[PDB]
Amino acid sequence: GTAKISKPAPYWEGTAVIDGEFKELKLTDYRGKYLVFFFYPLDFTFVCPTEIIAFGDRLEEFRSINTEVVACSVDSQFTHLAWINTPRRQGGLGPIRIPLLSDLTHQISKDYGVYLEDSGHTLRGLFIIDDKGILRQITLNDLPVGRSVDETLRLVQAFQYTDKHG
């Protein structure tokens, strides 16, 4: 657990699925933009992926405030792609507008203190990192409870307001 508020967010890099393709992605790619970086447990469970979908549907509300969204699980990039290429009808994600980062080595998860050593995947963790790479907000949820796009928006808008008028 290296993630500490008002300290630079721990650096990550890896392979993400972006618009159906493998792309290399790293935290510094988002420098100059605010980033919502969130973790979810696993691809292909029997629980509908409403969060990822929800952030995906409302991506323009983040893009209109100079904010990007990246989702991460410990699954491989190949699983992410397979999950994306599986139709929602069949319990897949369907096409998605948000990068799916793979944390196969588990190092990113550990560095963000969201890794569950017992399970080998993460809990539901969400991070708001500013345009300067500084961690501004940490949200950790026990597995069965998801996240509010509305509340993430409120938080992003609030830090940006604070940045300008403070």
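Rigid core here is just the name for the largest C-alpha set that superposes within 1.5 Å across the two forms. We number the residues from 1 along the sequence you see.
Stretch comparison, 39-47 versus 115-123: after rigid core superposition, larger RMS CA deviation in 6 other deposited structures of this protein is found for 39-47. RMS Cα deviation from the shown model in 6 other deposited structures of this protein, rigid core fit, is larger for 86-94 than for the other stretch of the pair 71-79 / 86-94. Here 58-66 and 34-42 are compared by their mean Cα B-factor, and 58-66 comes out higher.
Look at the mean CA B-factor for 67-75 and for 92-100 in the entry; the higher one is 92-100. In the PDB entry, residue 140 places in the middle third of its chain by CA B-factor. Ranked against the other modelled residues of its chain, the C-alpha B-factor of residue 49 as given in the entry falls in the highest third.
Among all modelled residues in this chain, the alpha-carbon of residue 111 has a temperature factor (C-alpha) in the lowest third. Among the modelled residues of its chain, residue 29 has a C-alpha B-factor that falls in the middle third, as given in the PDB entry. Per the deposited record, the Cα B-factor of residue 131 falls in the middle third when ranked against the other modelled residues of its chain.
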